[PDB]
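**Q** Have a look at this one before I ask anything.
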2 protein chains.
Amino acid sequence: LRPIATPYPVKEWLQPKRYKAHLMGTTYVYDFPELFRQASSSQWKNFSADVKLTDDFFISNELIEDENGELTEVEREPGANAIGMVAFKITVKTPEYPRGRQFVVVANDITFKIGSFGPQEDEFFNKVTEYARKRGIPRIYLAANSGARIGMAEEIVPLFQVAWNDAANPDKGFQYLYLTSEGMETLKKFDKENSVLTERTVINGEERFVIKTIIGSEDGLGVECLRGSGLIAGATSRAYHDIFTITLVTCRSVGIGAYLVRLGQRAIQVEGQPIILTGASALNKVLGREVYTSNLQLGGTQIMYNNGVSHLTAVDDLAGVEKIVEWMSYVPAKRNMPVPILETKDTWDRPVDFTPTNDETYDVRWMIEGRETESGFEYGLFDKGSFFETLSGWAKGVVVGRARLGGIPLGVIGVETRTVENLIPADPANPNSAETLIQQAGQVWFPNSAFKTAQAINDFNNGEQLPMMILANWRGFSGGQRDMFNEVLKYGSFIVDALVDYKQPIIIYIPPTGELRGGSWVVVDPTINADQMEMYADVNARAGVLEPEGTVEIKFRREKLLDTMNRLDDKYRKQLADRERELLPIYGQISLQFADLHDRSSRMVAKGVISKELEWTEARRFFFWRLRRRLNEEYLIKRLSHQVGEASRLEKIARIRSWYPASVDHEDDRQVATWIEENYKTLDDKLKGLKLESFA
Amino acid sequence: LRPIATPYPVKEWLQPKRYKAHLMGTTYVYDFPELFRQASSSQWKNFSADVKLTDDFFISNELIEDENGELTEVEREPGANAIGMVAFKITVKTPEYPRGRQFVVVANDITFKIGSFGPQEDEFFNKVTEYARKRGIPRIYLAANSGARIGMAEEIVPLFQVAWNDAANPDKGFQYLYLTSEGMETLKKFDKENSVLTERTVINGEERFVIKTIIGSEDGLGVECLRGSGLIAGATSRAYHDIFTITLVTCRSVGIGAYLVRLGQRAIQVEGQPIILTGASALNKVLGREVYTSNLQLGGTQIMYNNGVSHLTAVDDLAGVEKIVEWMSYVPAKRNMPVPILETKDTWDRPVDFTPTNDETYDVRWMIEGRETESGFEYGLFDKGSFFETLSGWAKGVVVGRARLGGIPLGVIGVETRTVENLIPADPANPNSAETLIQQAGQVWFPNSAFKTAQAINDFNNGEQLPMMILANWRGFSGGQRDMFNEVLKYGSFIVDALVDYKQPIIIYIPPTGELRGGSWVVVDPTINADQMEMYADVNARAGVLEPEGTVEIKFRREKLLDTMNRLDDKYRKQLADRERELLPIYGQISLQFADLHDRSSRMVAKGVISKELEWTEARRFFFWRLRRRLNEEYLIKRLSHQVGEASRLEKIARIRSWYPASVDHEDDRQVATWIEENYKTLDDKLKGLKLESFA
Ligand SMILES: O=C(c1c2ccccc2cc2ccccc12)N1CCC(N2CCC[C@@H](C(=O)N3CCOCC3)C2)CC1
Ligand SMILES: O=C(c1c2ccccc2cc2ccccc12)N1CCC(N2CCC[C@@H](C(=O)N3CCOCC3)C2)CC1
């Protein structure tokens, strides 16, 4: 016992495994539920400081397999785990779910066989994933591992013999490995006969048992660990489409560990804990030369957070747990439950204060969440303090996060107007390599930002099941050689695929000072998914195939411009060339103005390509009710889908709207949401009555 | 008329549009059905040279919209198209479908408004896509366009007026654009009142109508073209998952044209025809300096074929049409029809001649299709002349193509053992750029090859609906800094997602001299999709978590090695150090051999991670019947799925197998396929009898 004379018992002595986990720079597995309790309690303090919490607000129950391999809840002492994988069922009362919400936490025990994955850990991880999926509840994975387990048939080590070419000269080589009769008998005696595959031959009177294959009695030596890794990789790929999956890299994640991080998509990486495939030491042995000095050069935050493999970084385990808990606050309690509404001091009924100007640089985050000013806080489009930005280390030209609109949680995609830089590191493995700094202008989709946009859309859709708003402001895709060669077309196409798959309301809004041109409009147009998408343009927004300079270059050429000079200039109507030179700069400005006059939201409304033209200051009030009306109609569309089996979305929606009182303006979002919420139980009775269904 | 005195009528004079298309270096739209007829006739000649074909073997009928916008077949003169998009319904008798197969060909008319996409071309393209999809038939798109159509309100051009700050000095600036009463009246007279949005003001006695927005009377000027582009982009994204989609880049594909190429995935690019977003001329104007000299620098084959955006290149239009027709020969006639069997002179019943050796370099294509030798042709795993390689210009470390196994079409993925190089071009837009040459060793998955593998899997699955064979031979993923930073984890994960989605039989086969290690096994293990996947290892294959050098380094260290010296060496059992130095190189070899003895297919069988260990020479005979048995059982599984609605795959398969005569060995593929094919109609009666179904 060390240290002596402490006020309370030495927890690292009662369970020496806690000390081992600590010695490896990570939280001991059994102490993670306590971190979730601390993080959950902080959520309450930040929400309503006056709330009196009691320990019954949070329950953690360890899940273990029974005799028939079925998961069951247990209350046992920490460190009793017979396998290197542990799980907990968490039931927490949160500000968004005051009566309780549930989730599962799976974790590697780094103190158990270095946190390696053997067949038993793989089958348990899979069982826990299926458990989460069956219930529709989130699956949190805490990664702290050495990858797939490795071994050798340790029983064959003291028994094997070598068929030397020349016994007196070992250096001269060997023919094969073999066992003797006494070697064979040793295996027979310990019931390990099938540990080797032998072939008997007689050499100079003595019978040799030529080892043809070594199998081993102990399970979890090789391929069986690789099979199990495959099983859990496929399980995670499926879980991502079904439930909310998130991973916290808590010590290091190797091989299958690294793949699991990616397959669950949403990842929080603790500073200094690497996500690696092959370690730096092993790589130097493969390369010959001592190339790398740390695993952080391969899988640190400097790699993974900059990549977008790590969505967020955390200073320590508790910060990571706090970020999981914060992220989950935007997510339904379970699959297909409504998005969790959480109204704060910042009500829907107010104008938007922060307004962008064409002559001034702005951070898009100011439009999203507002900004502090010497003269007071300028509120933005979304609820004050609700913006939770993710993928913040990668493709900084797009800003992705979760936010709340008068309490309604949603995914937000905004455009960074400021030029962004990123540094490609020099790989020590190549002596003829140097670090490159890449600049990328704002309001242009590059391969990385196109990938980030698609990624964000998919992550809001799967598991999170959130509605979305895109504050669309792109001049197009980068069509230059570098970006075309770097497959910008592929990444842009992922955006289309991501929108086709979206199952919740989408709002595309071209903001004030914003533009949506050529290829950028194509990839985000509401006809991609008419069931979910809707588009709005601000009165101060712009849109067209080309920018005014482009339109003029193709459609308002010199002959058209000179004819305009002939019409509008008294002097024009060699003495022409001198007036041409004088007039040309201002007539170029006239044609640019003529072109820009087509690019207005009024033309967008006239041509029916936008639902409405909006005023930014009034957008919060408009979108709050539009979204709230939309969530309600979508709820009723889903109920109707059960009650028929075969009807189109247009048919379902028209039927639901036929139920509204004749006095109800179908175009009034507030009136429509107010009537539905006043009649959920009445509409339910209407639906239960429609159960006069027998259709072939 | 030019030229005079030709033997037959001058087709470029009868229809001057044919000459226009030719002048732009492309085939005239109406002449494309003839290219499909020529290509189809060549298919027959290559299959059975003696076949007598008559014109009734090929039928092309143009599709146009009727009064109610419904597609109908027409026989009209070429060049009569009122829109810049044309379509044809093709009915061809091919070697794999001698009674006929159908498909639709959509194409831009480059002679109609420069092949630009206006709202009418967009609605027609979408209508044709839906037509193809409803019928399950392939959709071939021939791209020859200038992207979305652009325009201005040409009626406002001679009418507009400028509110000069100082009329005598135009250079001093202007306030706004306006119309006069006579300008307003001109619009009123021609029923174009809504061409502008005006606001009347009186300035110095004269009434000015301030132009606030220009709308225009003509449709297809801007945003409406962008909306239509969005519609067709989403339509193509959906079509790719539903039917066989392919695109031939026949002149140039701009903006939406480029996106359509990618969204349909499978693309054949004719040499010298660019896939661009923004042209070189427009880019130089944006950049200031004359940076690019050709659109080929942005979207030529040197970019797109090297990228994997273009799956194949073609020397001319007919070569492209020939490649479409060849690709389609592996594809079912329509969605959910069986894969087209095509037996050739190369029967299933033969050994595999080409065998790889560890001491010699080989091209994996020799294992796939065989190779010519001075002593005769050495047959490979698949049918002679059946290997159709695609994505051949990109990530050359993986070899992807379609092939036939005793007539059975399937997708093949093989590993290039030879080191591959690729040149990243220097972008002229950046003066501080130089071309980089990247070497990548064989049997290692890099970001590009991981992406290509996933891409291939998805392209075999969607629309092609083919079974697949992966001749798995990877040592792992590249875990170095460069590849980790270039998101190898993301690309590797796409492989898992692609396998989870696979709906046809998969065979994973570790070939002779081949290995499957660590991360490479994980990503391809059959537990990822047990309903479709199966794994086999050759008797001369190897597999383990690490390579023997790695296993020794972690599990057969110096203390274990010295104990072995103590046991096996008479002299060992400072005088120790000298013997240690002598023994160490050979004892390192012993431990490497000990480790390798675990890596055998016998351990894989023993541990139940492979279905069987195989002999390469006998693989063709084995796989032919395994695949044929599998296709049959899968057919019966689908029929049963209709007749119940709710039963697991394990339940369905066990039930189908309960129908086999008691004498039938369920493990005998040939006997199982022979019995099913002898009883399809009997099993059908059994299924029709199971239609005593009323389950709640
Ligand atoms: O409207 C024009 C256009 C001009 C725009 C600005 C100045 C001069 C122009 C000249 C043009 C001449 C003819 C057609 C279009 C023109 N476009 C051409 C450029 C298009 N881009 C959209 C955003 C990405 C841009 C791009 O590809 N880049 C710019 C940044 O990265 C390198 C390459 C180009 C936008 C449409
Ligand atoms: O088995 C070993 C291993 C050794 C292999 C060969 C020589 C020396 C080794 C030393 C090792 C020491 C400790 C663990 C594993 C070792 N592995 C470590 C390397 C693993 N790679 C699989 C294929 C890709 C390889 C890789 O990441 N590269 C190689 C090519 O590109 C750059 C980086 C490494 C394979 C597993």
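Labels for the structure tokens follow display order: chains A, B, ..., residues from 1 in each chain, ligands from 1.
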With only C-alpha atoms and all ligand atoms counted and 6 Å as the cut-off, give the residues of chain B in contact with ligand 1, each with its shortest interatomic distance in Å and the pair that gives it, as CSV.
**A**
residue,atom,partner,partner_atom_place_in_ligand_line,distance
B:278,CA,ligand 1,18 (C),5.9
B:282,CA,ligand 1,12 (C),4.0
B:283,CA,ligand 1,19 (C),6.0
B:285,CA,ligand 1,10 (C),4.9
B:286,CA,ligand 1,8 (C),4.1
**Q** Give the residue list for ligand 2 at 8 Å, counting only C-alpha atoms and all ligand atoms, as an MDAnalysis selection string, sorted by chain and then by residue number.
**A** (chainID A and resid 277:279 281:287 429) or (chainID B and resid 440:441 443:445 474:480 483 517:519 545:554)
**Q** Keeping only N, CA, C and O atoms, write the selected residues as a short mmCIF file (atom, residue, chain, number, x, y, z; two decimals), in the first residue's frame.
**A**
data_model
loop_
_atom_site.label_atom_id
_atom_site.label_comp_id
_atom_site.auth_asym_id
_atom_site.auth_seq_id
_atom_site.Cartn_x
_atom_site.Cartn_y
_atom_site.Cartn_z
N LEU A 277 -2.66 2.73 -37.89
CA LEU A 277 -2.80 1.44 -38.52
C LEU A 277 -1.59 0.63 -38.12
O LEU A 277 -1.74 -0.39 -37.46
N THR A 278 -0.38 1.11 -38.45
CA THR A 278 0.90 0.49 -38.05
C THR A 278 1.67 1.56 -37.27
O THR A 278 1.70 2.73 -37.69
N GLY A 279 2.24 1.17 -36.13
CA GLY A 279 3.01 2.06 -35.28
C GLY A 279 4.31 2.55 -35.90
O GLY A 279 4.84 1.93 -36.84
N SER A 281 7.38 2.64 -34.60
CA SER A 281 8.46 1.68 -34.36
C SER A 281 8.48 0.55 -35.42
O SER A 281 9.54 0.26 -35.98
N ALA A 282 7.32 -0.05 -35.71
CA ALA A 282 7.17 -1.11 -36.71
C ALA A 282 7.48 -0.59 -38.10
O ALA A 282 8.16 -1.26 -38.86
N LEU A 283 7.03 0.64 -38.41
CA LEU A 283 7.29 1.28 -39.70
C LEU A 283 8.78 1.52 -39.91
O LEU A 283 9.28 1.27 -41.01
N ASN A 284 9.51 1.94 -38.88
CA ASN A 284 10.94 2.16 -39.01
C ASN A 284 11.66 0.86 -39.31
O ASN A 284 12.61 0.88 -40.10
N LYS A 285 11.20 -0.26 -38.71
CA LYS A 285 11.79 -1.59 -38.93
C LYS A 285 11.51 -2.05 -40.36
O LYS A 285 12.40 -2.59 -40.98
N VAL A 286 10.33 -1.75 -40.90
CA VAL A 286 9.93 -2.06 -42.28
C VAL A 286 10.78 -1.23 -43.27
O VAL A 286 11.21 -1.75 -44.29
N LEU A 287 10.99 0.07 -42.96
CA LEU A 287 11.73 1.02 -43.79
C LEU A 287 13.28 0.95 -43.66
O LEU A 287 13.99 1.45 -44.54
N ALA A 429 9.31 9.85 -44.34
CA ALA A 429 9.60 8.65 -45.13
C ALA A 429 10.16 8.96 -46.52
O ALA A 429 10.90 8.14 -47.07
N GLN B 440 4.19 3.66 -55.57
CA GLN B 440 3.35 2.92 -54.62
C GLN B 440 3.65 1.44 -54.83
O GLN B 440 3.49 0.93 -55.94
N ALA B 441 4.14 0.76 -53.79
CA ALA B 441 4.43 -0.66 -53.85
C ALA B 441 3.15 -1.51 -54.06
O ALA B 441 2.04 -1.09 -53.71
N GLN B 443 0.56 -4.87 -53.56
CA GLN B 443 -0.02 -5.61 -52.43
C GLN B 443 -0.24 -4.76 -51.16
O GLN B 443 -0.18 -5.30 -50.04
N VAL B 444 -0.45 -3.44 -51.33
CA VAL B 444 -0.68 -2.45 -50.26
C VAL B 444 -1.83 -1.58 -50.76
O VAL B 444 -1.80 -1.14 -51.91
N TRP B 445 -2.82 -1.34 -49.90
CA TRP B 445 -3.92 -0.45 -50.27
C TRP B 445 -3.51 0.96 -49.86
O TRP B 445 -3.16 1.20 -48.69
N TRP B 474 -3.31 -8.56 -50.32
CA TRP B 474 -2.82 -7.31 -49.73
C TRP B 474 -2.15 -7.58 -48.41
O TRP B 474 -2.62 -8.40 -47.64
N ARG B 475 -1.05 -6.88 -48.15
CA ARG B 475 -0.27 -6.97 -46.91
C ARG B 475 -0.84 -6.01 -45.86
O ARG B 475 -0.50 -6.11 -44.68
N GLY B 476 -1.72 -5.12 -46.29
CA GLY B 476 -2.39 -4.16 -45.42
C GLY B 476 -2.60 -2.83 -46.09
O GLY B 476 -2.42 -2.70 -47.31
N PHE B 477 -2.97 -1.82 -45.29
CA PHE B 477 -3.14 -0.45 -45.77
C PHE B 477 -1.86 0.29 -45.49
O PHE B 477 -1.12 -0.11 -44.59
N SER B 478 -1.58 1.38 -46.23
CA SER B 478 -0.41 2.19 -45.95
C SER B 478 -0.68 3.03 -44.71
O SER B 478 -1.62 3.82 -44.68
N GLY B 479 0.10 2.77 -43.67
CA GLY B 479 -0.03 3.45 -42.38
C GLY B 479 0.95 4.58 -42.14
O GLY B 479 1.05 5.07 -41.01
N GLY B 480 1.66 4.99 -43.17
CA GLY B 480 2.62 6.07 -43.09
C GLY B 480 1.96 7.43 -43.02
O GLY B 480 0.76 7.56 -43.31
N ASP B 483 -0.12 8.87 -46.33
CA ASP B 483 -1.37 8.17 -46.60
C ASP B 483 -2.38 8.29 -45.49
O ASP B 483 -3.59 8.30 -45.76
N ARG B 517 -3.26 -9.92 -44.91
CA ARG B 517 -2.80 -9.63 -43.56
C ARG B 517 -3.45 -8.42 -42.92
O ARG B 517 -3.98 -7.57 -43.64
N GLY B 518 -3.40 -8.38 -41.58
CA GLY B 518 -3.89 -7.31 -40.72
C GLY B 518 -5.12 -6.60 -41.19
O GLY B 518 -6.16 -7.24 -41.39
N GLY B 519 -4.99 -5.30 -41.45
CA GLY B 519 -6.08 -4.44 -41.89
C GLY B 519 -6.77 -4.83 -43.18
O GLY B 519 -7.95 -4.51 -43.38
N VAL B 545 -2.19 -11.79 -38.64
CA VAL B 545 -2.33 -10.38 -38.22
C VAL B 545 -1.11 -9.59 -38.75
O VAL B 545 -1.27 -8.61 -39.47
N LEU B 546 0.10 -10.09 -38.46
CA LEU B 546 1.34 -9.50 -38.95
C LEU B 546 1.99 -10.42 -39.97
O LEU B 546 1.50 -11.52 -40.23
N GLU B 547 3.10 -9.95 -40.58
CA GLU B 547 3.94 -10.73 -41.49
C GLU B 547 4.88 -11.53 -40.53
O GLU B 547 5.03 -11.09 -39.38
N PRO B 548 5.52 -12.67 -40.92
CA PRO B 548 6.37 -13.40 -39.96
C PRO B 548 7.41 -12.55 -39.23
O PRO B 548 7.64 -12.80 -38.06
N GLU B 549 7.99 -11.52 -39.90
CA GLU B 549 8.96 -10.63 -39.27
C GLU B 549 8.34 -9.87 -38.09
O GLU B 549 8.96 -9.80 -37.03
N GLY B 550 7.10 -9.42 -38.25
CA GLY B 550 6.34 -8.74 -37.20
C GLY B 550 6.01 -9.63 -36.02
O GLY B 550 6.22 -9.22 -34.87
N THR B 551 5.47 -10.86 -36.28
CA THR B 551 5.10 -11.84 -35.26
C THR B 551 6.31 -12.19 -34.37
O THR B 551 6.18 -12.25 -33.15
N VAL B 552 7.49 -12.40 -35.01
CA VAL B 552 8.75 -12.73 -34.34
C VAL B 552 9.15 -11.55 -33.44
O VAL B 552 9.37 -11.73 -32.24
N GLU B 553 9.14 -10.35 -33.99
CA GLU B 553 9.48 -9.12 -33.28
C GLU B 553 8.65 -8.92 -32.00
O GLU B 553 9.20 -8.50 -30.98
N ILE B 554 7.36 -9.25 -32.04
CA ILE B 554 6.50 -9.12 -30.87
C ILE B 554 6.45 -10.38 -29.97
O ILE B 554 6.41 -10.24 -28.76
#
**Q** Give the answer as one residue: which of B:425, B:338, B:505, B:393 has the shortest atom-to-atom distance to chain A, using only C-alpha atoms?
**A**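 Ranking B:425, B:338, B:505, B:393 by distance to chain A, first place goes to B:425.
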**Q** Give the answer as one residue: which of B:60, B:236, B:336, B:422 has the shortest atom-to-atom distance to residue 130 (chain B), using only C-alpha atoms?
**A**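 Residue with the minimum atom-to-atom distance to residue 130 (chain B): B:236.
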**Q** Chain A residues within 6 Å of chain B, counting only C-alpha atoms: which ones, as a VMD selection string?
**A** chain A and resid 171 213 to 215 222 to 223 226 to 227 229 to 231 234 277 to 278 298 303 427 479 481 to 482 485 522 525 527 to 528 544 to 545 586 597 to 598 603
**Q** DSSP on the backbone, strand (DSSP E) only: what residues of region 530-577 of chain A does that give? Format it as a list in words.
**A**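 So, restricting region 530-577 of chain A to strand (DSSP E), we get residues 533, 534, 535, 536, 537, 538, 542, 543 and 544 of chain A.
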**Q** Kindly export the residues of the current selection with N, CA and C atoms, as a short mmCIF file (atom, residue, chain, number, x, y, z; two decimals), in the first residue's frame.
**A**
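Listing of result_37.cif after writing:
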data_model
loop_
_atom_site.label_atom_id
_atom_site.label_comp_id
_atom_site.auth_asym_id
_atom_site.auth_seq_id
_atom_site.Cartn_x
_atom_site.Cartn_y
_atom_site.Cartn_z
N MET A 533 -36.85 19.15 -49.74
CA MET A 533 -36.16 20.41 -49.93
C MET A 533 -37.04 21.55 -50.28
N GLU A 534 -36.59 22.75 -49.89
CA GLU A 534 -37.24 24.04 -50.09
C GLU A 534 -36.17 25.10 -50.23
N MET A 535 -36.36 26.06 -51.14
CA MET A 535 -35.36 27.11 -51.30
C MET A 535 -35.91 28.52 -51.15
N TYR A 536 -35.11 29.38 -50.50
CA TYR A 536 -35.40 30.78 -50.24
C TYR A 536 -34.19 31.61 -50.61
N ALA A 537 -34.43 32.82 -51.07
CA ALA A 537 -33.36 33.73 -51.40
C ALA A 537 -33.65 35.05 -50.70
N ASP A 538 -32.63 35.65 -50.14
CA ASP A 538 -32.81 36.93 -49.48
C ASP A 538 -33.02 37.99 -50.55
N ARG A 542 -28.06 37.06 -54.64
CA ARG A 542 -27.90 37.05 -56.11
C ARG A 542 -27.77 35.63 -56.58
N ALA A 543 -28.22 35.35 -57.82
CA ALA A 543 -28.08 34.03 -58.42
C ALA A 543 -28.20 34.12 -59.93
N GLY A 544 -27.42 33.30 -60.62
CA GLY A 544 -27.40 33.21 -62.08
C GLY A 544 -26.44 32.14 -62.52
#
